[PDB]
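Structural features, examined
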Amino acid sequence: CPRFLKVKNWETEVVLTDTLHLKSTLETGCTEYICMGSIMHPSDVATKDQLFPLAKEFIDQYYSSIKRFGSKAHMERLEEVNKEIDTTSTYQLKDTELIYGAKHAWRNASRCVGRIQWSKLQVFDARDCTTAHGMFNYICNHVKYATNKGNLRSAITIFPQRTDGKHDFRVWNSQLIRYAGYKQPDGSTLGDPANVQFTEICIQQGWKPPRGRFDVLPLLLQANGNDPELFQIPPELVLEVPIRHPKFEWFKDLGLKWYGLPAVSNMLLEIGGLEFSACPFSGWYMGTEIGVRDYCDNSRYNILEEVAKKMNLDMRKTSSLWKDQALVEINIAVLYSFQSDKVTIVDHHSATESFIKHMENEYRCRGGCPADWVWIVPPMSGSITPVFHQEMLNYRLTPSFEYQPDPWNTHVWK
Amino acid sequence: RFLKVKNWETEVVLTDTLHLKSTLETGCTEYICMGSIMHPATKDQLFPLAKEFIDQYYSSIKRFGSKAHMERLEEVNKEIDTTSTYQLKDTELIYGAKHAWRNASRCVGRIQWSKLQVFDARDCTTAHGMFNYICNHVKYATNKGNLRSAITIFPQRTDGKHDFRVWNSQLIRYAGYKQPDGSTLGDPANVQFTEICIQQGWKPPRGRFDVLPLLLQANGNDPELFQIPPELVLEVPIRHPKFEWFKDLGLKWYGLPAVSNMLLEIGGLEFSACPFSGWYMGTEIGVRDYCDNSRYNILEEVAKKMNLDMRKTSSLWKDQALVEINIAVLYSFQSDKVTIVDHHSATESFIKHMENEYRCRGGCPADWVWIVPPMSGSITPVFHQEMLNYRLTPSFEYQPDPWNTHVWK
Ligand code: HEM
Ligand code: HEM
Ligand SMILES: Cc1cc(N)nc2cc(-c3ccc(OCc4ccc(C#N)cc4)c(CN)c3)ccc12
Ligand SMILES: Cc1cc(N)nc2cc(-c3ccc(OCc4ccc(C#N)cc4)c(CN)c3)ccc12
Ligand SMILES: C[C@H](O)[C@H](O)[C@H]1CNc2nc(N)[nH]c(=O)c2N1
Ligand SMILES: C[C@H](O)[C@H](O)[C@H]1CNc2nc(N)[nH]c(=O)c2N1
Ligand SMILES: [Zn+2]
């Protein structure tokens, strides 16, 4: 690979120079002859010999970041890590290194448009947790802290790392807060279609479903490789926003609402070769995640048609753009409702503008900023946002957030 | 290896084998994806490229390894020997132009690829001849509003000192002028080309929608200016089905999109002048041409007449005015019976096209970054369709702007 790679912004003419790609760690899935940039997921534990260089790489990075590279504390930390891998096949991160690694997994997340915030992350160390009840306690505290009565604060809670792969900690939920989905005998779906499979697991595990349109799912929590256990989030911890429109008084009659806190909980955090299989993290929403995807995806709540009816649009011709018109109004209502209730939210114009400033800053201070254009560009109004015209380079740095298989597909039931 | 692509809305899975035939590079490596980067012969290089192309031609007409196939290869080898190049047969030229379109990973319109009128202009020698061929193309492709896809292919590159080039980036485009106070009148995308035309002797009317002259270069000579006969230039006034003030904005656009600055590669031969045209997808005009900050940039004016609150981004005033502008464009072309396709219909056709190509061809190279429309992305079916991008030949390629290379004789 060449030392310098340039990217151009075709709207402003600004050219930026990337050297950080030289530190890329993993395969992207692409080759010289095929690009897999639109593949959702392109791309048993580590041996002693695999772990040694991965830890040294991270430790070196850490001591370089605190401007102590080659120092006595650096060499002593290396040697202590090396002995621990020798005599235990693993090692333990210091609290400082845990915090640094979690912030940089966020900093490195190429699909995240919100990374201008990466250094303001509250890290909850939950590595002393031993049971699913204790996981529940840690998650409730996380939810309450991050919600902050609507003044949301980004946070991650980190449970014990993988050991032999048979004692994994896992949150079986895909997000800490999501709405149940129920397939009906007639083929229709009540609630959120995206969550039908997980809802069925919960019901089989013992959950009694209220069977409504917006039922908060219980937590299904797995500690130390044991069978997962069910817990109800205290509903006073779940901040929700009813959706209304500043002009259309009838919009509230749709009975729509959504929850304030997006808290993805099924990803794996990799730091220094260590694998944190339970690491729920939360920020705040960009409006289009709710208004475009959650509400208007055909396989989600799919409300475009009903909203267009109440708007009395012609729905016979696609070229009337009735779908685009209703989509805008739905997203206006979502932003209006969160702002009115003083729940943190960012519109897609503000967020993408901030991301561009962030990316420019990262290129100049760090030598680059891996970014996945396919994910960064918002799902509506793409070209009237600045990221659309911004060339990006995508590559994988560590520490990193990784996908992992769903736990019900791999779990060995006791 | 067989690669799978999934549609996450319908759960359909397709299996790609066609990527195994590509030879040109994408720009990506195993460690870095350049998917969003806009732009990532001799006797010895030429014969394998020619042989590959002749081989796929005769395989396409189900005569692979035939007597005609065998003799064509020897004819081509003998010719590259004695002239350092070769000439395509007419059948080969047509097959290669259609497949350059079929292989254009960035084009959502490719369900039409085999409906392409190919105009062979390889006998052309002067810019006057180029202008004649191009007028015929514009007249044929416009067809009084019932647009017909077409390409006109001028003589191929020889030594690189005798290139045929259309200096225009499209056959029909509007001029752009730098203003004294600092702003831009007309289309800012064409400011530089407009100045070259003025410097070359074009008298500019200095309006907002002045159709540019043709600047045409034959056999490496200085380019020459020509005016397209105005009766050949079909235009649409833009009005809105509900907002009667919209027509008062004075907006119009041309009906015929005809890209003229790309290079067509067939069997190792380079056709540096090959203008090709189809018909518009509404968002090309209504989103990019009208609403790019560095194009006509009209969102402010429209939202002002819509009386929207423009004080905060989260009112989505830009998004509202964007939809209304794209309604007007589609409504205007349709009312005037000028062919146009909306982005919902176009992307639906492309998903169908992908299914066809995977069935009959083993795949379809497709550039998600370009295929997904510039508005309303995820409510179109391509947003949820995984695509594999790879480079097949014959192909359309980018080439340098002629004024950056031309030694003015
Ligand atoms: C603070 C405000 C934040 C905003 C506005 C934000 C915004 C976004 C958005 C819009 C996406 C695309 C999600 C989708 O389409 O489903 C995303 C993805 C992502 N975000 Fe951020 N995010 C924020 C905080 C965070 C935090 C705190 C973390 C981790 C520490 C994080 C890590 C990620 C990751 C890993 C992805 C990719 C997820 C995947 O591939 O499934 N984000 N973010
Ligand atoms: C017939 C109707 C057609 C439609 C609706 C259509 C649609 C489109 C659209 C929307 C784009 C994106 C262009 C941009 O954003 O600037 C595009 C690109 C492209 N089209 Fe098609 N197209 C059509 C016909 C054709 C024909 C006839 C050819 C060639 C014979 C062709 C070759 C290409 C190529 C090479 C590109 C990529 C341009 C680039 O890389 O800059 N298209 N098309
Ligand atoms: C920290 C934070 C803040 C914020 N504001 N937003 C976030 C959004 C995500 C995020 C990414 C992909 C997802 O998933 C994509 C997907 C789509 C379809 C299928 C299917 N079938 C499977 C996955 C989902 C959904 N939980 C969330 C993650 C973290 C966020
Ligand atoms: C056959 C056909 C039909 C149709 N319906 N549509 C088309 C649209 C294009 C097309 C692609 C890229 C472009 O170029 C984008 C660009 C952006 C920034 C810079 C810069 N700086 C330079 C070029 C331009 C512009 N003529 C047109 C090509 C063929 C089309
Ligand atoms: C097929 C395609 O890669 C897939 O639909 C992606 C596209 N880009 C996305 N971008 C974001 N932010 N979130 C998504 O879920 C997706 N889905
Ligand atoms: C930087 C980015 O690649 C560039 O803006 C691309 C993005 N996608 C596009 N898609 C289409 N159809 N046309 C374009 O000009 C672009 N521009
Ligand atoms: Zn790639």
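Scoring rules and cut-offs
- Residues numbered from 1 in each chain as written, not as in the entry; some residues may be left out.
- Chains lettered and ligands numbered in written order.
- Heavy atoms only, no water.
- Helix = DSSP H or I, 4+ residues; strand = E, 2+ residues; numbered from the N terminus.
- Rg over C-alpha atoms; globule rule 2.2 N^0.38 Å.
- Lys, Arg positive; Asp, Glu negative; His and termini not counted.
- Charge placed at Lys NZ, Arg CZ, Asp CG, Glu CD.
- Near = heavy atom within 4 Å.
- Polar contact = N/O pair within 3.5 Å; in protein donor to acceptor, adjacent residues only side chain to side chain.
- Areas by Shrake-Rupley, 256 points an atom, 1.4 Å probe, with all protein chains shown as cover.
- Domains from an automatic or database assignment.
- Contact = heavy atoms within 4.5 Å.
- Buried area = accessible area lost by both parts, 1.4 Å probe.
- Salt bridge = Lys/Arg side-chain N within 4 Å of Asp/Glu carboxyl O.
- Donors = N, O, S within 2.8 Å, 3.2 Å for Na, K, Ca; no water.
- Tetrahedral: all angles 85-135°; square planar, octahedral: opposite > 155°, others 65-115°.
- Buried < 20%, exposed > 50% of the residue type's maximum accessible area, 1.4 Å probe, protein only.
- Pairing = 2+ DSSP bridges.
- Axes fitted to C-alpha atoms, helices over the stretch in contact; angles between N-to-C directions.
- Nonpolar A, V, L, I, M, F, W, Y, C, P; charged D, E, K, R; others polar.
- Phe/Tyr/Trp six-rings, centres within 6.5 Å; stacked < 30°, edge-to-face > 60°.
- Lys NZ or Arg CZ within 6 Å of the ring centre and 35° of its normal.
- Core = buried A, V, L, I, M, F, W, Y, C linked by side-chain atoms within 4.5 Å.
- Parallel < 35°, antiparallel > 145°, perpendicular 65-115°, else oblique.
- Left-handed = near helix turned anticlockwise from the far one by under 90°.

For this deposited structure, the header cites X-ray crystallography as the method used and 1.898 Å as the resolution.

What follows deals with the overall build of chain B. Across its full length, chain B carries 10 helices and 18 strands. Compactness check: chain B gives a C-alpha radius of gyration of 23 Å against a globular reference of 22 Å for 409 residues, within 12% of the reference. Counting only C-alpha atoms, chain B reaches 70 × 60 × 45 Å along its principal axes. Computed over 46 positive and 48 negative side-chain charges, the separation of the two mean positions in chain B equals 3 Å.

Attention shifts here to the site of ligand 5. Around ligand 5, the neighbouring residues are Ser38, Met40, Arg293, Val374 and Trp375 of chain A together with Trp368, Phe383, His384, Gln385 and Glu386 of chain B. More than one chain approaches ligand 5, the contributing ones being chains A and B. Interatomic distance of 2.8 Å between a backbone N/O atom of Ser38 of chain A and an oxygen atom of ligand 5. A distance of 3.2 Å separates an oxygen atom of ligand 5 from a polar atom in the side chain of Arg293 of chain A. Here ligand 5, which alone exposes 390 Å², has 87% of that area covered by the protein.

Here we take up the domain arrangement of chain B. Residues and elements named next belong to chain B. Here the domain parsing of chain B yields domain 1 (16-122 + 149-159 + 263-277 + 347-371), domain 2 (123-148 + 163-234 + 398-402) and domain 3 (235-257 + 280-345). Just the C-alpha atoms count here: the centres of domain 1 and domain 3 sit 35 Å apart. Taken residue by residue, the interface counts six residues in domain 1 and six residues in domain 3. Summed over both partners, the interface of domain 1 with domain 3 buries about 380 Å², with 45% contributed by carbon and sulfur atoms. Where domain 1 touches domain 3, the interface holds zero salt bridges. Here domain 1 and domain 3 share six residue pairs in polar contact between them.

So, about the coordination of the zinc ion (ligand 7). Protein coordination at the zinc ion (ligand 7): the donors are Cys30 of chain A (SG), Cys35 of chain A (SG), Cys28 of chain B (SG) and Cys33 of chain B (SG), at 2.3 to 2.4 Å from the metal. Each of the four donor atoms bound to the zinc ion (ligand 7) contributes to angles spanning 99 to 124°, and the resulting shape is tetrahedral. In this structure, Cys28 of chain B and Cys33 of chain B share a single accessibility class: buried.

The next subject is the sheet that holds strand β14 (residues 269-271) of chain B. Residues and elements named next belong to chain B. Pairing is antiparallel across the open sheet formed by three strands, whose spatial order is β14-β13-β18. In this open sheet, the two strands that pair with only one neighbour each are β14 and β18 (395-397). Going from strand to strand, the sheet's axes swing by 30° on average, the running direction of each strand aside. Pairing geometry for strand β13 (residues 263-266) and β14, over three bridges, is antiparallel. Bridge pairing in β14 links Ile266 to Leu269.

Okay, the site of ligand 3 next. Every residue near ligand 3 is listed here: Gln175, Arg178, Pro262, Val264, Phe281, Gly283, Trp284, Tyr285, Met286, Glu289 and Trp375 of chain A together with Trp8 of chain B. Of the chains in the model, those with residues near ligand 3 are chains A and B. Within the contact set of ligand 3, a nitrogen atom lies 2.8 Å away from a side-chain nitrogen or oxygen of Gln175 of chain A. At 2.6 Å, a side-chain N or O of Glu289 of chain A approaches a nitrogen atom of ligand 3. Taken by itself ligand 3 offers 650 Å² of open surface, and the protein chains cover 59% of this. A class-by-class count of the residues in the shell around ligand 3 yields eight nonpolar, two polar and two charged.

Facing 65 residues of chain A, the contacting portion of chain B comprises 63 residues. Overall, the association of chain A and chain B removes approximately 5400 Å² of surface from exposure, summing both partners, and the carbon and sulfur fraction of that is 61%. In this structure, the connection of chain A to chain B is made through zero salt bridges. Taken together, chain A and chain B are joined by 29 residue pairs in polar contact. At the level of elements, β1 (5-8), α6 (287-296), α8 (322-340), α9 (348-366) and α10 (373-376) of chain A are the ones that each hand at least two residues to the side of chain A that touches chain B.

Moving on, we get to the coordination of the iron atom of ligand 2. Protein coordination of the iron atom of ligand 2 is limited to a single donor, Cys107 of chain B (SG), which sits 2.4 Å from the metal. Mapped onto the elements of the fold, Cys107 of chain B is located in the loop between α3 (90-102) and β3 (117-120).

Before going further, it helps to spend a moment on the environment of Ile54 of chain B. Residue and element names in this part refer to chain B. If you trace the backbone, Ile54 turns up in helix α1 (residues 43-60). Look at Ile54 and you get buried, because its relative accessible area is 0%. Taking the C-alpha atoms as reference, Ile54 lies 9.9 Å from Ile266; in sequence the two are 212 residues apart.

As a further point, take the packing of aromatic side chains. Tallied over the entire structure, the rule returns 44 aromatic pairs over all chains. Taken together, a centroid distance of 5.1 Å and an interplanar angle of 70° make the contact between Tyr179 of chain A and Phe214 of chain A edge-to-face. In this pair, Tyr179 of chain A sits in the loop between β5 (170-171) and β6 (181-183) while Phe214 of chain A sits in the loop between α5 (196-205) and β8 (219-222), placing the two residues 35 residues apart along the sequence. You'll find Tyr179 of chain A and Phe214 of chain A in the same group, each marked buried. Members of the aromatic cluster, joined through ring pairs, are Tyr179, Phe214, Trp258, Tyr259, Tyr285, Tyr295 and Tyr301 of chain A. Its guanidinium or amino end placed over the ring of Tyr145 of chain A, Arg153 of chain A lies 3.8 Å from that ring's centre, counting from NZ or CZ. One cation-aromatic arrangement involves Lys6 of chain B over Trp8 of chain B; the distance from NZ or CZ to the ring centre is 3.9 Å.

The next subject is the nonpolar core. If you look at the biggest cluster of nonpolar residues, it comprises 124 residues, and the most contacted ones within it are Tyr295 of chain A together with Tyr290 of chain B. For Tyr295 of chain A, the contacting residues outside a window of four places in its chain are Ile243, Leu256, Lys257, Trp258, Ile290, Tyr301, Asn302, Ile303, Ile330 and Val334 of chain A. Among the nonpolar cores identified, the runner-up in size contains 54 residues, and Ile34, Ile39, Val387 and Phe388 of chain A belong to it.

Residues and elements named next belong to chain B. Direction vectors running N to C along helix α6 (residues 282-291) and helix α8 (residues 317-335) enclose 130°, while the axes themselves pass 9 Å from each other. By the angle between their axes, α6 is oblique relative to α8. As α6 packs across α8, the resulting crossing turns out to be right-handed. Contacts from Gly282, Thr283, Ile285, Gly286, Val287, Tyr290 and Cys291 of α6 reach α8 at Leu322, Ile325, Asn326, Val329, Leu330 and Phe333. Here the residues of the contact of α6 with α8 are counted per class, giving nine nonpolar, four polar and no charged.

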